[PDB]
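Participant: Handing you a structure now.
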Amino acid sequence: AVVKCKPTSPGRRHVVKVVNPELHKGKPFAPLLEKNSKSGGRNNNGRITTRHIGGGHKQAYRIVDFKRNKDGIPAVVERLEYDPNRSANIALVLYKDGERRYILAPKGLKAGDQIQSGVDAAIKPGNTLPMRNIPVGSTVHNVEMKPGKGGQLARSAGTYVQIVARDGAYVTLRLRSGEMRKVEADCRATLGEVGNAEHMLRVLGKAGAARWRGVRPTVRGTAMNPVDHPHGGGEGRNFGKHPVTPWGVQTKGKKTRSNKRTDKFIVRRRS
Amino acid sequence: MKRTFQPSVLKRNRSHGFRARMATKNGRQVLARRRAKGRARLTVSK
RNA sequence: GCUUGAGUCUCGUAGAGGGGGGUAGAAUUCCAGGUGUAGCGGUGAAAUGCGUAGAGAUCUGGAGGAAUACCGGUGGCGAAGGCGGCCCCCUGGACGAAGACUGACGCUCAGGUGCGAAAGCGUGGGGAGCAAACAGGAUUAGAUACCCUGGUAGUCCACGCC
RNA sequence: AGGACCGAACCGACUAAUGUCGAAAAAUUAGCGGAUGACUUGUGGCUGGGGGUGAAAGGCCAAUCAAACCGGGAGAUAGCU
RNA sequence: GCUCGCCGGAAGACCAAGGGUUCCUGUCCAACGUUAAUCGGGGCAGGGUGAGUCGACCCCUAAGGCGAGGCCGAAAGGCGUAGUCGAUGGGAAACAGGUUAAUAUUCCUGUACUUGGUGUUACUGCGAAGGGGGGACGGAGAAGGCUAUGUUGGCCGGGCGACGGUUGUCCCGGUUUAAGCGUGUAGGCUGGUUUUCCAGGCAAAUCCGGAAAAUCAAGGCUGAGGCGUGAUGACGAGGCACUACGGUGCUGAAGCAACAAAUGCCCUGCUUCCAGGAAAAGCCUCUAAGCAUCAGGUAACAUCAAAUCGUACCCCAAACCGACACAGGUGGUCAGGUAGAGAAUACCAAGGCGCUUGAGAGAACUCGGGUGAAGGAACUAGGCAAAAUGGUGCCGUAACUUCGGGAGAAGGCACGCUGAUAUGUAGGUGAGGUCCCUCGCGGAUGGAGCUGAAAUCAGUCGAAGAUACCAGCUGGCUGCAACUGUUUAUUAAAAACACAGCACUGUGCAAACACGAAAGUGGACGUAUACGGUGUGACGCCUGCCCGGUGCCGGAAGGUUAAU
RNA sequence: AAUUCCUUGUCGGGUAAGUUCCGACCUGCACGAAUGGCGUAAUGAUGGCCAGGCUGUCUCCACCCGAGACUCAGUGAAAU
RNA sequence: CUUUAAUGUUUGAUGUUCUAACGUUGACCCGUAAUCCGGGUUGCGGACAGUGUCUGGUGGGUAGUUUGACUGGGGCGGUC
RNA sequence: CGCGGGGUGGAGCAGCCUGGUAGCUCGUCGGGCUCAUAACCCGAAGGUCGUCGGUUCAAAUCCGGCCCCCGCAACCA
């Protein structure tokens, strides 16, 4: 749930937390953990490729089951644990035979709800099944792009794709950006919509809030010198140029849709 | 103030060491010049 | 004490009363393709606009949001504002029937509390149609009006406020 | 609980005096700012010259930066002294 | 040597780093020391660094590096898999005392511990580059139980004291003791045990995990400190004995209690919140391919081995970094008494020092400061500098506001000492006695001793009771910026930048973008509630009109249109 | 006005006296709605102004305490 | 010569389908305990994609340079 | 000081460029419509083209002096 803090300290007067009481208050299942040493926005050659990335709090990487290859085996969700790497709540379920795994928790998922994957599951949120079994009009998430890839679509907080039609082999998914995508019916998809939908209201309130998250300050081009950015220069706030990126490419409305092989899958672009 | 040189022999041998030189091609050119010029103190050592 | 005030219980009645969760058909707009061809829309008249890049007309399919034709009536319900396509669940009020029970428990009611169309406001979605403001075209002595083509907010949904 | 308050160590460097061939190739003294945070610091690695890095001053990259140092073109050229 | 003066959370005592004999002794004085110098971190010669338990080496990982093949690139070379390196991290084991001119947890005395080889005896199935457990982990906050340590008292020893008093409530010094072993507490964590079964753990599994039951209620893991023991031992103040007169030899009483109490230990705890907090090995355990009169493993005992390297000295500085014996800079640990909230500060203990030019003079003038009649910013660019306010408890506190603040607003009152309430109260700790017991480090009860605020009343001293150091100037109006923060290291700290928020826009993931000739990576082991770029910069009320120029987006019928 | 050249614009307050400051008038040389506009509690080693307090800043400097300066002995530079 | 119908023939421009080039930063197995990579199965796309050569376009992201003289100092104006 | 543009019936603006011919709207006058005004409909008049001079077949126009108005510039220490 969403709650607003009391304006005691300057920088607390705008802080809004997304408090959730059902989050497990302990350490996760160790055998599904491995370090996630930060990159700092640096490549193999050490150069800084993506800027604004550095610092932040040290977090351990959890292992999430996106593929769901364990078929015909019931599972019982034990606790909705928190994950630092994503914006969605994860659920540590336990299979009927005795194996524990993490999966992205949907919206309507309480402690103890029975879920199972496979090609013959019942229509219930959390269940995974290939799209040629899902009813037309239903809504799913964690959609597997290529058969066996694992899952690429709708994986963040409150994210969900809508199955529109089934063109025989290909099934038409109206994506989250309002874009019509084509994908094969062989791919699996998990029913329901991803939980923790209050992420949109979680305002950071203060400057340091972005720092421990990993975000680094962004310096505008209007402040820099002409030698450091295409913009900048002048004796007192003089933009006067057509807005561009640090490398000359004109931003603010320039399409970079260049893959060309995936044009056969886009039915309607994001309008 | 802190004059620009606060030594630590480990980092010294990691940057100007014999093997730190011999490991690369450019380093091999250096010692070629150092031996040709006949300098006794080729690298930093003890 | 009593009972003709009031209230409660037993059996039923009619209903857009309210809240929550689903579904259906018509139409409009847009998109896609085919058929096919020079005007379409609009008005007192005309024009801006759309259209030979192939519209409108027409057939099939699909995506959508919103309102519920005929039934419908100075008909019905609730204290009022107000509320109607249908289905399920929860739930309120009023009235009739033949009796019993408690025995004036009552009527109103400053301050106070609650509910309270539309518009408007904050946060998050949605956005067909309609449509503040706005622009253009006319009318006009002038038209920042009435008329016409578009058209943002809003109108719709959830949680609060006024 | 707090980028909370007063205030040492620690870090920083606003005012003035002294200093300016200084004790010191930016320090001292008397007062200052932050001090549970975007804090500070040790050890060890990574990013390099039209490149690096930058809470962006054209600042910093070994007392040198609107383009570092070393060596080679090279005894560059100089209508100038 | 006797006084004086200074630091004393340092100017003290120890390490890492970094230097490299600067350490110690004898001797010498030209050169070095900003002066002299029989002195010295200077010259010469000699001596000194002793480890199974400290640290490195070694076993094992992080960032990251090198990299068989391999991919890729004119060549050089780049990246990277198996691996192998790489601590500032994790992993076995020692403490007290004595001794030297200089070294000692290293040598000696005493008492212990750990990892393995070999062999003997008694038993038993062992065995992986494979699995599981463990190792294994965040910030902050408060509490409880202790210790280091300190004070007092008792006791022991010495003194009874060069100007008045001091056999007494007097004075001074001392009152030290570990590792290990046993006991296994305060406290913390967790329901144990047995039988059956199973698509789980790349194969297997008796171990882990899960799913059904039975029986009983506790068992177990972990744990500072205390008490014994170590220890009729060492040490120990002061005497007794020889002086090369530096010190050595010998001897040696008391050695307990109470209270106060840490940021140290239990605590690598518990609670709470969020930004959700290494890896692998050693260790334990289960088995595979196999090997089974074996080999190995467990326990006990005997014996052997524990190698190589550093170890001196300095280490907030005359030895490191600054050309210097340079007012600067340098990470970690221990850190006492009184006053005090305190590691501030003042004066001292331990210990270490007076800074390597001095002696007179007491002019101008310069710097570091004190005081200053009357006036009180008239100074001046300007209250810059100085001055002044300054602590604690309580009283009292505006405009305005985002209802948190503003605020410690402003402005006031009492502050010493003595006695009394009380031969030191409320409170804290807490022995002896009494009782019980699932008998130990127990619980109730009990209250001596120890210890000690603060409030009130009364009396008294000075001009002044926060008397020193220490320790806010306050308020009114208003511009800019929200606020903390960052920046021109070495003239600019700000109104500049950052900032959460908001918007636009690009990107459907082999994503955009970016480094890169390429491969490959970052983005992200994330995926539209996400990521990149641009702009403005909390919040409140809002954010108007224009598509001519330019850029950008969409659609292509026509004209023009390169190569071919 | 961080913007107004002209200009010390005009009026009012503040002062014995106000080219700066505060509140208005609009004659906006040449403000203006994300190169954001207008306000805004709190904050600021920030800009300007005012009052109180307190003082050697000053009217007008006087005395005194120390480190140099001066003299003697030793060592012994520098820019030019 | 023009309008033109059928056949043969010649190539160009599109549409649809297929699998063998190729892609495969999809799944599985082996080399091999290895998420690089190679080979082999299978699925999905598909003569696209991508690369090379020639070529038109955009292009201060980037590089090498130009940016006159006279002038009662230069600039501006004027002139040559 | 200099450079560019402009001065057209009563007013605001075309036309000049590349010379012979002056147009648009409002306003004005007269009539009509209405009871009267406006608006509206019909008809018509009105321009030394700032001033002077030169050049030309011909000057609103080309060139030059002058007056007025508008804009820029009037800068570097």
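FYI, nothing fancy with the structure tokens labels: chains A, B, ... in order, residues from 1 per chain, ligands from 1 as they appear.
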List every residue of segment 5-239 of chain A that DSSP, applied to the backbone of this structure, places in helix (DSSP H, G or I), and write the result as a ChimeraX atom specification.
Facilitator: /A:30-32,197-200,208-211
Participant: Deliver the residues from the most recent selection as a file, using C-alpha atoms, as a PDB file, in the first residue's frame.
Facilitator:
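Saved to selection35.pdb:
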```pdb
ATOM      1  CA  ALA A  30      20.762 -19.141   0.059  1.00  0.00           C
ATOM      2  CA  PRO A  31      21.175 -21.906  -2.596  1.00  0.00           C
ATOM      3  CA  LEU A  32      19.466 -19.569  -5.072  1.00  0.00           C
ATOM      4  CA  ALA A 197       1.303  -2.174  -8.886  1.00  0.00           C
ATOM      5  CA  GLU A 198       1.903   0.752  -6.520  1.00  0.00           C
ATOM      6  CA  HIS A 199       5.376   1.344  -7.964  1.00  0.00           C
ATOM      7  CA  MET A 200       3.983   4.294  -9.955  1.00  0.00           C
ATOM      8  CA  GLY A 208      20.165  10.795  -2.003  1.00  0.00           C
ATOM      9  CA  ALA A 209      17.260   8.486  -2.841  1.00  0.00           C
ATOM     10  CA  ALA A 210      18.546   8.119  -6.392  1.00  0.00           C
ATOM     11  CA  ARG A 211      22.149   7.718  -5.252  1.00  0.00           C
TER      12      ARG A 211
END
```
Participant: What are the closest atom pairs, with distances in Å to one decimal, for all residues of chain B lying within 9 Å of chain D? Consider only C-alpha atoms (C1' of nucleotides), order rows by chain and residue number, and present the result as CSV.
Facilitator:
```
residue,atom,partner,partner_atom,distance
B:1,CA,D:27,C1',8.9
B:3,CA,D:63,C1',8.3
B:4,CA,D:62,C1',5.5
B:5,CA,D:62,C1',7.4
B:11,CA,D:44,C1',8.4
```
Participant: Taking N, CA, C and O atoms for each residue, export the selection above as a short mmCIF file (atom, residue, chain, number, x, y, z; two decimals), in the first residue's frame.
Facilitator:
```cif
data_model
loop_
_atom_site.label_atom_id
_atom_site.label_comp_id
_atom_site.auth_asym_id
_atom_site.auth_seq_id
_atom_site.Cartn_x
_atom_site.Cartn_y
_atom_site.Cartn_z
N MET B 1 49.53 20.13 2.88
CA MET B 1 49.59 19.62 1.48
C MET B 1 50.18 18.22 1.44
O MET B 1 50.73 17.73 2.43
N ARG B 3 52.69 16.34 -1.15
CA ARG B 3 53.55 16.30 -2.33
C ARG B 3 53.23 15.03 -3.12
O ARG B 3 53.09 13.94 -2.56
N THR B 4 53.13 15.19 -4.44
CA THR B 4 52.77 14.10 -5.34
C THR B 4 53.70 12.89 -5.44
O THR B 4 54.24 12.59 -6.51
N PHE B 5 53.87 12.19 -4.33
CA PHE B 5 54.69 10.98 -4.30
C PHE B 5 54.70 10.33 -2.92
O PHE B 5 55.57 10.60 -2.10
N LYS B 11 52.96 -1.39 -5.45
CA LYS B 11 52.44 -0.73 -6.64
C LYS B 11 53.58 -0.30 -7.55
O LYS B 11 53.40 -0.15 -8.76
#
```
Participant: For a test of reading the model, state the distance in Å between atom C1' of residue 178 of chain E and atom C1' of residue 230 of chain E, rounded to one decimal.
Facilitator: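 Going from atom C1' of residue 178 of chain E over to atom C1' of residue 230 of chain E, I get 9.5 Å.
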Participant: What is the atom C1' of residue 78 of chain C to atom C1' of residue 94 of chain C distance in Å?
Facilitator: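 These two atoms are separated by 9.4 Å.
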Participant: Skip residue 55 of chain F itself and residues of its chain fewer than 2 positions away, then list as a PyMOL selection string all residues within 8 Å of it, counting only C-alpha atoms (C1' of nucleotides).
Facilitator: chain E and resi 386-388
Participant: Dump C-alpha atoms (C1' of nucleotides) for the selected residues as a PDB file, in the first residue's frame?
Facilitator:
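The resulting file, selection_2.pdb, is reproduced below:
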```pdb
ATOM      1  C1'   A E 386      37.812  43.929  17.740  1.00  0.00           C
ATOM      2  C1'   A E 387      34.167  44.215  21.473  1.00  0.00           C
ATOM      3  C1'   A E 388      30.073  41.636  23.203  1.00  0.00           C
TER       4        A E 388
END
```
Participant: Given only C-alpha atoms (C1' of nucleotides) as the basis, pick out the residue of F:49, F:41, F:2, F:34 nearest to residue 18 of chain F.
Facilitator: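 Using only C-alpha atoms (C1' of nucleotides), residue 18 of chain F sits closest to F:49.
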Participant: Which neighbours of residue 11 of chain H fall inside 12 Å, counting only C-alpha atoms (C1' of nucleotides), when residues of the same chain fewer than 5 positions from it are skipped, and could you give them as a PyMOL selection string?
Facilitator: chain H and resi 25-27
Participant: Using only C-alpha atoms (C1' of nucleotides) and a cut-off of 10 Å, which residues of chain D sit close to chain A? Please list them as an NGL selection string.
Facilitator: :D and (1-4 or 37-38 or 46-47 or 52-58 or 66)
Participant: Applying 10 Å and only C-alpha atoms (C1' of nucleotides), which residues near segment 61-72 of chain G remain after dropping the ones on its own chain fewer than 6 positions away? List them as a PDB file with C-alpha atoms (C1' of nucleotides), in the first residue's frame.
Facilitator:
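The resulting file, selection_35.pdb, is shown below:
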```
ATOM      1  CA  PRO A 230      27.256  19.779 -28.779  1.00  0.00           C
ATOM      2  CA  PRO A 246      26.192  14.083 -26.801  1.00  0.00           C
ATOM      3  CA  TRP A 247      27.206  12.547 -30.142  1.00  0.00           C
ATOM      4  CA  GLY A 248      25.392  14.840 -32.563  1.00  0.00           C
ATOM      5  CA  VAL A 249      22.350  12.645 -33.223  1.00  0.00           C
TER       6      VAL A 249
ATOM      7  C1'   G D  50      41.942  14.736 -29.678  1.00  0.00           C
TER       8        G D  50
ATOM      9  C1'   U G  79      37.893  53.618 -51.978  1.00  0.00           C
ATOM     10  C1'   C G  80      40.689  50.242 -55.233  1.00  0.00           C
TER      11        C G  80
END
```
Participant: Counting only C-alpha atoms (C1' of nucleotides), figure out which residue out of G:17, G:4, G:10, G:25 gets nearest to chain A.
Facilitator: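 Under the stated criterion, the closest residue is G:25.
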